[PDB]
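So this first bit is one chain, no partners, the form deposited in one PDB entry, shown in structure tokens.
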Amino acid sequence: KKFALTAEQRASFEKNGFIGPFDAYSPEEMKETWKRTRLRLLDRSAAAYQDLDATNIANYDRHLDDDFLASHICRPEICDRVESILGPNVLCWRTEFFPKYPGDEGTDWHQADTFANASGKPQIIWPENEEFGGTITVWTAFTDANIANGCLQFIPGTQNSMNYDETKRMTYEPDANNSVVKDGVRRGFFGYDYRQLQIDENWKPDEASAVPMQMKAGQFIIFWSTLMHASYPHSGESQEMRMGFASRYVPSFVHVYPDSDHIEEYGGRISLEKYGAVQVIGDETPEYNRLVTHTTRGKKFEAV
């Protein structure tokens, strides 16, 4: 395909667990798009999740209602590269906005395989006979992302061994988890402390090996959710907020929300009644995954 990963890019992705950044839009197109989208998103009247019983879940799955986001998750610049990794049939199962307002704590070091981390119940399940896990995250910079405003950071090559156990639980306590200093950096996990999920209580992330991923508005980075990743704090030197938009992809054989019609996490609870995965690549998905083809405003999931 036109935007497939090169053989060299594919080898680097296999080694590092991330690849990019790549361009989806020019910075100028992204700036104007985000200006409009940010306003539009304040209107939740068509959102898949009406009652939030509150929560970070408010940031979830706005592609299910929003015209632009519906196109974005299907961009060939993104999908051709995800296809290079995940094969001929792929679903977008989750999107999430990640704001860092001026002064916000950095995101905790974490890895996620099943996405039971917060809820205690797996959200994606790969074939049990195999050794694969996690989801391909595409994180798009809707604003510029630099160290001072809380860009992502990665510890390269850590995607093949989990340091966290998502069957352990972590307590939701926003009150307590506000800019807690961890190894000299203010960090948290949206009201949780991801250190609670460590397999070994005394183990620490190899933060000395962390690398920054600075990006311009309109770029995206592709990484395994099983990769050690985090963000710097937003120092507030800039009075502009940072916004990332994560779209999460799995091959269509992965079980999405097995045995669930609701999820409860991040201080909220939502019904999956209007949820579906979106088939962004290919046209075969097993019956056990509920799909949607259009947004709640009847916009088809296709790149425009």
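Rigid core here is just the name for the largest C-alpha set that superposes within 1.5 Å across the two forms. The numbering used is simple: start at 1 and walk along the sequence shown. Only residues modelled in both forms are compared.
Same protein, other form: the form deposited in another entry, not shown, and the subject of what follows.
*Asks:* Shifts of 2 Å or more in the Cα, rigid core superposed between this form and the one not shown, apply to only one of 172, 126, 97, 154; name it.
*Replies:* By this measure, the answer is 172.
*Asks:* Is there a C-alpha shift of 2 Å or more at residue 269 between this form and the one not shown once the rigid core is superposed?
*Replies:* Indeed, residue 269 is displaced by 2 Å or more.
*Asks:* Superposing on the rigid core, does the Cα of residue 117 end up 2 Å or more away between this form and the one not shown?
*Replies:* Yes, residue 117 moves 2 Å or more.
*Asks:* Are residue 17 and residue 119 closer or farther apart at their Cα atoms in the other form than shown, with the shift being 3 Å or more?
*Replies:* It is farther: in the other form, the C-alpha atoms of residue 17 and residue 119 lie at least 3 Å more apart than they do here.
*Asks:* What happens to the Cα distance from residue 118 to residue 229 in the other form: does it get closer or farther than here, with a change of 3 angstroms or more?
*Replies:* Farther, not closer.
*Asks:* Three or more consecutive residues, each Cα shifted by 2 Å or more between this form and the one not shown after core superposition: list those runs for me in sequence order.
*Replies:* Moving stretches, in sequence order: 117-121, 171-179, 264-269.
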